[PDB]
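Residue numbers (our numbering), protein chains in the order written: chain A, 23 to 227; chain B, 409 to 582; chain C, 49 to 127; chain D, 2 to 36; chain E, 478 to 663. The beta carbon of each residue, even a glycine, is placed where N, CA and C say it ideally should be.
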Amino acid sequence: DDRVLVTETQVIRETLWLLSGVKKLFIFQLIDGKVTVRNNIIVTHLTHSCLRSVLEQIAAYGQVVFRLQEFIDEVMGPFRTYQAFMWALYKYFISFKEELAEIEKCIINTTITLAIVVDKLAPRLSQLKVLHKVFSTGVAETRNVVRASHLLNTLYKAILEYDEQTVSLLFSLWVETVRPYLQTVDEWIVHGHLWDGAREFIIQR
Amino acid sequence: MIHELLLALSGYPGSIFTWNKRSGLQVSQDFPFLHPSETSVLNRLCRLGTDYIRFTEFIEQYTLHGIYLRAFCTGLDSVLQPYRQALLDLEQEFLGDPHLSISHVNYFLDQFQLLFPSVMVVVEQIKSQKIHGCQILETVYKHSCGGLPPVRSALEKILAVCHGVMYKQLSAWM
Amino acid sequence: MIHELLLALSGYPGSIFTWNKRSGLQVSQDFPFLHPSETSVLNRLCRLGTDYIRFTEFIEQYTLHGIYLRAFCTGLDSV
Amino acid sequence: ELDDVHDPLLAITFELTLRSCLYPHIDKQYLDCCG
Amino acid sequence: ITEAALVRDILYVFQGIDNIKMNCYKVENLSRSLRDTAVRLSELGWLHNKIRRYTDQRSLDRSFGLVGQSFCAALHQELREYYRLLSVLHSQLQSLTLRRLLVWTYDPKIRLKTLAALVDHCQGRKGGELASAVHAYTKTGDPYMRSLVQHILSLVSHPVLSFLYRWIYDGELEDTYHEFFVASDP
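Have a look at this one:
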């Protein structure tokens with residue numbers, strides 16, 4: 023059986039791209055919306071199997087970030103809530119991307135190997151696992167008023183479960199998703215009329 | 409093989425270090441390149457890896473429910489931090505001089521080898537008796553009066569964060 | 049191709065960065081001086097430029113007539 | 002400008018009692034309207 | 478059977494792992510001028526297997542108590558030291574011979590002869606009665622032993638002076654296992 027025998031540093035660069043959410047990578051070739059490690063990858067060490075083990079874990083993280091990127095894509099290419107929800111998600115990704123991008127700087131310009139970049143990314147791979155469970159309830163579902171109510175209610179329930187850095191994320195993710203309702207509620211009060219779109223509000227007049 | 413081992417002690421099993429769901433980490437069989445006398449010390453070394461794997465598997469699974477179980481695992485990673493940090497170091501020392509053998513690597517663990525074993529049955533009592541509720545703040549405390557100085561200094565940390573929950577609720581009520 | 053990229057993002061394509069009146073900016077083919085799985089981001093980055101040119105091609109032609117439309121164009125130059 | 006009132010409240014016990022300080026913005030406003 | 482092979486196995490008999498097999502480590506050819514020194518050098522393992530088993534057997538049950546465990550724990554910081562020396566010796570096998578090894582392991586044949594005879598004098602001692610049977614090894618005079626055991630006493634007698642400073646300033650004795658010499662009646 024033949025193998026490609028990739029070098030060592032090349033893997034970390036590829037892993038960073040998987041974290042970034044980019045597709046079409048020589049490693050982690052997805053097939054059906056499910057990232058999956060290749061079969062001919064081997065390093066001088068690590069006996070060709072531990073590599074399939076360590077990559078398999080990071081792959082599980084790629085799924086969490088690839089699916090979210092697929093979600094943001096299906097909104098860019100007037101719900102006023104999902105569109106207001108992704109802007110919170112999108113805002114989190116830019117800052118998260120900066121930490122991953124910064125690491126790439128210290129690679130081209132100190133020794134760096136696998137077991138170091140992972141432990142350096144512990145407080146991120148932790149925060150990311152939460153989103154795989156918070157968003158799972160925002161994707162498993164047809165009317166526009168039940169898809170937005172059941173989503174916004176899942177956050178306020180999931181925060182009371184976590185009552186620190188994980189709470190600061192969900193809270194900063196909450197405010198930027200309840201911004202639509204707080205607007206129309208105020209707009210209904212002072213301007214004396216309910217100005218809704220697609221009957222998004224729960225009061226279907 | 410060094411960097412191969414330092415991953416096996418991290419939670420990633422491979423061909424040299426097979427994984428069994430019942431026994432735990434262990435070496436497969438005799439290897440020609442290495443000596444036939446080392447096949448023992450590694451097995452003595454894996455008795456530590458099995459602990460970390462069975463730890464992190466339970467930590468992720470969160471399993472039973474209750475905040476006092478959530479916080480216990482939340483704290484259980486803190487005591488387990490010096491283990492990881494002391495493992496990252498081993499690679500740096502081996503990166504410098506290429507004359508270090510498994511003997512030195514086995515020697516470096518030293519403190520972790522006599523700590524995990526005593527902090528293994530504390531977990532087993534929980535998953536085997538359905539210790540639900542604030543009753544954890546005693547089951548961990550009854551083992552906090554142990555003689556081993558390292559342990560007496562480990563569980564006290566977990567009790568120091570597990571009290572943070574009660575102290576949160578208690579002030580919220582009073 | 050670094051400086052080659054910035055010029056393509058300003059409205060001047062080249063040989064490595066071909067131009068099409070139907071699709072828009074896009075990487076031509078595979079090059080040996082680029083990573084095999086890197087062309088992805090460039091195509092995504094080029095989609096940012098493709099919008100920019102269609103702005104200028106609309107702005108320069110001013111095309112429909114009327115002052116409000118024309119002043120909407122100059123308003124588009126500020127943003 | 003309600004959202005621009007909830008956010009400043011964060012500047013000056015989380016999301017249950019903290020949320021119980023948002024309503025004074027929505028209740029006094031109501032009291033004027035009905036009154 | 479060269480001299481480099483025996484040094485290859487001896488570095489493992491120093492731990493318990495067995496040409497040299499397992500009460501003396503009978504070796505099983507080679508010249509008489511080699512078997513004798515091997516039998517002599519291996520005597521350090523039989524002192525090492527016995528001490529490790531004692532700490533292990535007791536590190537299993539919780540019946541030993543707080544004072545006992547402390548003494549058992551003190552037997553590991555005096556074993557990490559014995560696990561380090563082997564690493565430096567191991568790096569030179571790639572030169573040292575049996576004669577060189579004798580001048581190397583002449584001192585740790587004594588520390589592994591007080592500790593391997595300190596865990597037999599206190600076998601069934603649970604509680605303060607253990608901290609009183611590792612103090613009956615200080616009346617020895619030997620400046621190398623009286624300055625080793627008088628350190629294990631400074632660790633074993635820390636839990637005892639933990640109840641005492643509790644039962645004096647606060648009067649709240651607490652020991653599920655009966656160790657303190659002040660026994661309460663419900």
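1) Quick one: grab the DSSP three-state call for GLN434/B.
2) With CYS34/D as the anchor, note down where its alpha helix (DSSP H) starts and where it stops.
3) Can you give the Cα-Cα distance for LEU112/C and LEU182/A, rounded to whole angstroms?
4) Looking at the C-beta of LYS113/A, does it have a partner C-beta in chain C at a distance below 8 Å?
5) If you drop the 5 nearest sequence neighbours on each side, which residues of the same chain put their C-beta closer than 8 Å to that of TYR621/E?
6) Near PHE480/B, which residues of its chain fall below 7 Å by C-beta distance, leaving aside the five closest residues on each side in sequence?
7) Run through DSSP, which three-state label would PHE425/B get?
8) Within the continuous alpha helix (DSSP H) that includes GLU499/B, where are the two ends?
9) Under a three-way DSSP split, which group does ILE497/E fall into?
10) Residues of chain E with CB under 7 Å from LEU556/B, in chain order?
11) Specify, as a first and last residue, the run of the alpha helix (DSSP H) that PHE115/A falls within.
12) Quick check: is the beta carbon of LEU433/B nearer than 8 Å to any beta carbon in chain E?
13) Alpha carbon to alpha carbon, what distance is there between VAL484/E and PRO440/B?
14) Going along the chain, which residues of the segment 505–516 of chain B sit with their C-beta nearer than 7 Å to a C-beta in chain A?
15) Run through chain A and tell me which residues come within less than 8 Å of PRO84/C, C-beta to C-beta.
16) What is the rounded straight-line gap between the Cα of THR471/B and the Cα of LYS535/B?
17) By how many angstroms is the C-alpha of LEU563/E removed from the C-alpha of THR591/E?
18) What are the start and end residues of the alpha helix (DSSP H) that includes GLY572/B?
19) Against chain A, does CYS35/D count as a neighbour if the rule is that its beta carbon must be under 8 Å from one of theirs?
20) List the residues of chain B whose Cβ lies closer than 7 Å to the Cβ of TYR489/E, in chain order.
21) Taking DSSP's pairing of strands, which residues face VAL504/E in a bridge?
22) Does the beta carbon of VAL127/C come closer than 8 Å to any beta carbon on chain A?
23) Note down the Cα distance separating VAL516/E from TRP523/E, rounded to an integer number of angstroms.
24) If the cut is a Cβ gap below 8 Å, which residues of chain A does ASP8/D touch?
25) What does a CB cutoff of less than 7 Å around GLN519/B pick up in its chain, not counting 5 residues either side in sequence?
26) Compare the beta carbon distance of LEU595/E and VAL544/E with 8 Å and say whether it is the shorter of the two.
27) Can you pull the chain A residues whose beta carbon is under 7 Å from the beta carbon of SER63/C, in chain order?
28) Counting only beta-carbon separations shorter than 8 Å, does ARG557/E have a partner in chain B?
29) Using CA atoms only, rank isn't needed, just tell me which of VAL44/A, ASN166/A, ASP141/A, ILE129/A is closest to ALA220/A.
30) Spatial neighbours of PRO585/E within its chain, please: CB distance less than 8 Å, with the 5 preceding and 5 following residues excluded, ordered by chain position.
31) Using the rule of at least 16 other Cβ atoms within 10 Å of the residue's Cβ for burial, across every protein chain shown, is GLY160/A buried or exposed?
32) Relative to the C-alpha of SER158/A, which residue among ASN62/A, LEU27/A, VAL87/A is closest?
33) Measure from the C-beta of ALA137/A to each C-beta in chain B and report whether the shortest distance is under 8 Å.
34) Relative to the C-alpha of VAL531/B, which residue among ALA494/B, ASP497/B, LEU477/B is closest?
35) Considering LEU82/C, what are the terminal residues of the alpha helix (DSSP H) in which it resides?
Here's the rundown:
1) strand
2) DSSP places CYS34/D in the uninterrupted alpha helix (DSSP H) bounded by 24–35.
3) 56 Å
4) no
5) For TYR621/E, where only same-chain residues beyond five positions count, the Cβ hits under 8 Å are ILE587.
6) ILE544, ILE566, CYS570
7) strand
8) DSSP places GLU499/B inside the alpha helix (DSSP H), whose first and last residues are 489–504.
9) strand
10) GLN546, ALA550
11) Taken as a continuous stretch (DSSP letters only), the alpha helix (DSSP H) holding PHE115/A covers 104–130.
12) no
13) Roughly 20 Å between the two C-alpha positions.
14) Per Cβ criterion, the list is empty.
15) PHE48
16) 8 Å
17) 19 Å
18) 563–581
19) no
20) By Cβ distance, chain B contributes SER445.
21) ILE497/E
22) no
23) In a straight line, the C-alpha of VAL516/E is about 11 Å away from that of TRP523/E.
24) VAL197
25) Setting aside the 5 residues that flank it on each side, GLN519/B is surrounded in the same chain by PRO558, each with a C-beta closer than 7 Å to its C-beta; the list follows chain order.
26) no
27) Against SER63/C, chain A offers no close residue; the least beta-carbon distance is about 23 Å (beta-carbon pairs closer than 7 Å).
28) yes
29) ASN166/A
30) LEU521, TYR559, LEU562
31) buried
32) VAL87/A
33) yes
34) Answer by Cα proximity: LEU477/B.
35) Looking at the DSSP string, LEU82/C is not in any alpha helix (DSSP H), and its letter there is neither H nor E.
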